C-alpha cells in the first residue's frame, strides 16, 4: 500500500469509522482515522484557506483552516515524520464525493520544503495562483482537471457547473521532493491552499486533503466517499 501523511478537511461525519460527529479538520498518519481532529465549520460557497506547517526540530505537524469572516479551526499532532515518510515523496491535493457531493475547487496552492545544515540549504518552492488548462508540472489523477478559469477541480463537475457524486481526483506536483535527509539539521515544509467547497445537497461530502505520499502513489481502488482518495480501507 502507499504511505500517506495527510491533513484532511473532512466535510462529512462518518462516525462508523471514527470521525467525530461534526465536520472537522484532521491529521492522518497512515490511516483515514485521524490521530487528531478539531471541529470545523465549513462555510458553503465561501473561499477558505488552509495552512499546513511542519519542521523536524519541533516535530509537530500543524494545520489551520480559515474563512474570510474570521472563523478558524486548528489541529496539531506531535510526530516525527522521519519515522513515517520515505526520504523522497510527492506532494499533492486529493478530494472525493460519495452518496453526497460538493465542488472540491482549488483556487491556489503553494508548497515549500527545505533541508538546512550549517549555514543561513536545499530547497523546493512552487506556487500556483492560477492553474492552466495543460498544467505540465502537475500530475492529475482520477477525475481531477484544470480549467481555463484558472482553477483545479479535484472532483467531477457537470457542464452546468454542478458537482457529481462518487468522484475522486488528485493533483501531485511533478517533481519528487526530498522531504528528509540524514545530514540535515533542519527539515521543514509548509503548504497553503485556497478552496471553494459548494453544495446544494442535503449534506456536503466528502472533503479535501493535502497529502504527502511515496513518489509512485496512485488513487486506491474504491477510495471515493469517506476515504478521500487517500486510503484503500477505513483501517
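Positions refer to the first chain, counted from 1.
- In the comparison with other entries of the same protein, residue 118 is left without coordinates in at least one third of those covering both sides of it.
- Unmodelled deposited residues between residue 159 and residue 160: none, per the record.
- For the two regions 103-111 and 78-86, the entry's Cα B-factors average higher over 78-86.
- Here the stretch with the larger average CA B-factor, out of 129-137 and 93-101, is 129-137.
- Looking only at 29, 209, 185, 65, the residue with the top Cα B factor in the deposited structure is 185.
- The deposited CA B-factor of residue 48 belongs to the lowest third of values across its chain.
- Sorting the modelled residues of the chain by their CA temperature factor places residue 145 in the middle third.
- In the deposited entry, the Cα temperature factor of residue 164 places it in the highest third of its chain's modelled residues.
- Annotation for residue 178: C-alpha temperature factor in the lowest third relative to the rest of the modelled chain, per the entry.
- The deposited CA B-factor of residue 194 belongs to the lowest third of values across its chain.
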